[PDB]
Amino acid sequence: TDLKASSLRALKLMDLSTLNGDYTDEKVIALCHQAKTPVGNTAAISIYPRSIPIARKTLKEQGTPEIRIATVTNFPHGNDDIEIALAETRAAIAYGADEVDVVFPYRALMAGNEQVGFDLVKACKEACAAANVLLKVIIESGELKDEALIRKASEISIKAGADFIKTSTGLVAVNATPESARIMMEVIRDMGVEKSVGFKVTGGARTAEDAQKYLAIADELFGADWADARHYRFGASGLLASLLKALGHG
């Protein structure tokens, strides 16, 4: 009802990945097939840079060329070496990424260094925007933990030109929570960047009910029209099965 509407909405905002690994060509091909669901396409697939060329061919051949290819750089570590983060980002662009999700140097921020996060994000944004590629910034809210640090990483990422702020890599003990999702969307609101900055929930949401709860935070803060594919994603694998079950598939 409300849950079927929210489940279809969430499905169309998914950056689809698998739990175990989508980096053998056969697993990347299977992921591309999975993204083309009976009720619509996911917003994107999320894969490692080396998987992009075969993913692009697979998406074209199955007649879903508008499924975005998102990838990851500086990942999953969020090290504070800008030259490495930037080189990986330029490689991701060259492979053919539509979007790059770079990991913010969160341990550097936890050690009191705000500048390196600004400089790393800004360099990667400039490279991506020069190639018409969107930059998401993974702040790893589940490692920052402290509300003030989650706000500060979000603020720095936005000031440095992030097109999205993303909770998590998906590969640490704590990924998204409803609390970190709310804090990060509060920062988008408080900085006046709702037009230019999206929010991505990585992990946390496992069920159709969870997806409804996470979207309800966006609807509360920004109104129900805000959370389109340019402004909201679910970084998810197992969630898709739950959304399809809520919609009467499997």
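We number the residues from 1 along the sequence you see.
Colleague: Averaging C-alpha B-factors over each stretch, which comes out higher, 227-235 or 13-21?
Modeller: Result: 13-21.
Colleague: Quick check on the record: does 214-222 or 23-31 carry the larger mean Cα temperature factor?
Modeller: So the stretch with the higher mean C-alpha B-factor is 23-31.
Colleague: Which listed residue, 140, 147, 126, 98, has the largest C-alpha temperature factor in the record?
Modeller: 147 has the highest C-alpha B-factor of those listed.
Colleague: By the recorded C-alpha temperature factor, relative to the other modelled residues in its chain, which third is residue 47 in?
Modeller: Tercile = lowest for this residue's CA B-factor.
Colleague: Divide the modelled residues of the chain into thirds by Cα B-factor and specify which third, lowest, middle or highest, holds residue 63.
Modeller: Its C-alpha B-factor, which the entry lists for residue 63, ranks in the highest third among residues of this chain.
Colleague: Looking at the C-alpha B-factor of residue 56, is it in the lowest, middle or highest third of its chain?
Modeller: For residue 56, the deposited C-alpha B-factor lands in the middle third.
Colleague: Hey, what third does residue 113 fall into on Cα B-factor, ranked over its chain?
Modeller: Answer is highest: the recorded C-alpha B-factor places it there.
Colleague: Would you mind checking where the Cα B-factor of residue 181 ranks among the modelled residues of its chain, as the lowest, middle or highest third?
Modeller: Answer is middle: the recorded C-alpha B-factor places it there.
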